[PDB]
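Encoded as structure tokens, the structure appears first; notes follow it.
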Amino acid sequence: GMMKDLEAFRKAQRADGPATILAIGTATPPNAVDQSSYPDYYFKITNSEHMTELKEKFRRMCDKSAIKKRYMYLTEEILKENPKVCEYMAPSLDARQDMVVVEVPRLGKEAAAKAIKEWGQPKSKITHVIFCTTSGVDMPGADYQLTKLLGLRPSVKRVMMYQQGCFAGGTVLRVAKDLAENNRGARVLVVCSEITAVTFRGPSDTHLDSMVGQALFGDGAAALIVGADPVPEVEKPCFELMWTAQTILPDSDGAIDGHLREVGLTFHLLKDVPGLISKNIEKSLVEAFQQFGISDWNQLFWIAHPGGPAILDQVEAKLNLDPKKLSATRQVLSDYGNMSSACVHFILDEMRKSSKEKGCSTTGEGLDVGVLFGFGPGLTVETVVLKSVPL
Amino acid sequence: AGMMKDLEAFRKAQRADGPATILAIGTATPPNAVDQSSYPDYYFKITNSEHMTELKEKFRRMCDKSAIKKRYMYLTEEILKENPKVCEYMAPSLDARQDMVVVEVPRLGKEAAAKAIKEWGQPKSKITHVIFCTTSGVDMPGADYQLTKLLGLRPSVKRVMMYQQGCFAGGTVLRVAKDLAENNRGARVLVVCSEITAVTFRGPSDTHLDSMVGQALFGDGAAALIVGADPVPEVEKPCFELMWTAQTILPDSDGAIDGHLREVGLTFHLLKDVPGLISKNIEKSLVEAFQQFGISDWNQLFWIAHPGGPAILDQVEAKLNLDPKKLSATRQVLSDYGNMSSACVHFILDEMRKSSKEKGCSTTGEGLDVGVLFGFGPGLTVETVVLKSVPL
């Protein structure tokens, strides 16, 4: 049948044009946590109310975090029910898994429903599913639970991405690009859902770097629809994927390790992550942009994973970016904190929306081409080159 | 403006022309070979369960029926002697198990990849992508980063790390590899599946017989492939082409295979009639894959099926009236290696091409042009890969 012209089959089977983002939805747990009052809340709920000096150390970390609030599934009531999670290093993985194996696909489905609504196509047109999370693992995975919760077709092609950490927001785009571009009609639902129940723990005045996560990490899920060859007048791209890369930074061994253990997930930073990123990022820009004749990085619209404010500040200084470049990035960090893989997609959403509100000519702040970066364990840097769409 | 002058031209230049092909297969096993015939004695001894005489006989029956003669295991007596909590049915042991597999999984995976790269014969700098798949352990950075560092691949390889999927994932890594290779001109994809049972190994319980099954069937192993489109003539040598893929969740199969990673390590919760579910539904999957190729006779396909156990194989064979030879390569790998989870169908691919060459067949798939690979695992998920052989 198709066996007598397999070149014809291969050509019919693949898409024509570039992968595009056709919709973005986001969701968070309902409970907003004010950063100004977090130190007091966190030392009370971890029964450390009376560790005065360490409390002020954490207050200082929070005040320099450039975060105003975060959303968290972990409420005071839940922590009351789960005292082992409020301790610094108690056996608590089972407890944490019992939470996140449910909440991760639940929050993800909430984001996906909003993306699907925007997209406006029936959910039976979804052909692929990429689920990304760093909180908990289970078999079948969160990709399976989402498929069930959403009532997608049994035959969706799923890619389940566990435990990759903060660069993975870039990774899901890199995977989605290939899936959508190589399969005609393919519509990829991408979900990044991050819940900090797996990392939350009490303070230790002999292990201060564990507090950094307690100041920075928030909860959130983002969902995208990705597909090539958008139907005219029906589907509405907001960005096109042009090119991707992934690399491990030199001399970055052990910069950010994460171990899933009986005490849950613990992170360790052994090197200067902002310094590593800012010293090397311009090489990634040249690698990505020379072929497109772009060398002035202020002519790009920017999305950078906001692992902490120091990364943003040092990247901006090293590249001499105009202070407006990272504005959308800084705004999501301020309103949501660091939601790991979900973050850059919240930033894409904020940018295309702020751009329509400001009367910009494109979804990329009036500019044609831009860049999205994810940063995480390796030290790994994900680069995605984006095209905006006219507004 | 460079490539901005014509991004349509760019998308055409950036993608490959032809189908993804398998250019090499390498495999590796831990050194310690475990004879099934003596395994009941050994297992009940090392888990300090010799007094459970009736439980042992149940286990001896499981082993006698397993259609497995040999497995390989990272876990040795000595290692188990150093880790008594791993030998218990249910003791806090995740940390000890992680400490093992976070190192052994990439280690064994590197061994398999080195063999595959050697067969391929091209510089390792030409590897552009890496897919690493395992159901044993998790860590940040992942086993994929470890493999990259161990092989000395380019810092810029594009990695897809696939943790905790289970036994269908041998099909999954092909499905992913197919899109990476076909959509990127020049791309050469290192695919590694590496599986170590130290994460699930535990002692017996007479109130959890179904949990004992996995102790009879699971073995360790790693497989590596090089996948790419547009093979370089007379320099690269394809053994299979990837034509078409699907993934599906079988009806009425909720909870049939659940695996939970807990403080006690990896534990499974099993329901349903899995061999019934697969054999009941598999022809639908065949018809979905092969009607477009005008193939309707399942005996005209060469076959690779994940050997979850011999009942799966027997009931698929009965259901479809396959000739008994159809699953020969599948059963041979099961006999020599046990069920090595995601790695298993890749050992069978290797066995398929090697037996075909040795028997003097006209193709890498037993003289047939087209074949099918199936992965089976949690979901219940079925992965389907349509394969082309290559002439010999």
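So that the names make sense, note that chain A is the first sequence line, chain B the second, and so on, each numbered from 1. What's counted below: heavy atoms across the whole structure, side chains too, no hydrogens, waters or symmetry copies.
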Where does [X] contact chain B at under 4.5 Å (heavy atoms): side chain, backbone, both or neither?
X       : answer
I256(A) : backbone
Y144(A) : side chain
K11(A)  : neither
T147(A) : side chain
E7(A)   : neither
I294(A) : neither
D143(A) : neither

Item to complete: Pick whichever of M3(B), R175(B), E241(B) has the most heavy-atom pairs under 4.5 Å with chain A.
Response: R175(B)

Discussion item. Counting heavy-atom pairs under 4.5 Å with chain A, which one of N184(B), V102(B), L266(B), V176(B) comes out on top?
Written reply: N184(B)

Worksheet item: Are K149(B) and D253(A) close enough for a salt bridge, meaning some N to O gap below 4.0 Å?
Response: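 No salt bridge links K149(B) with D253(A).
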
Discussion item. Salt bridge or not between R15(B) and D230(B)? Use side-chain N to carboxylate O under 4.0 Å.
Written reply: no

[X] versus chain A, heavy atoms under 4.5 Å apart: side chain, backbone, both or neither?
X       : answer
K5(B)   : neither
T128(B) : neither
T135(B) : side chain
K388(B) : side chain
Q291(B) : neither
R262(B) : both
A16(B)  : backbone

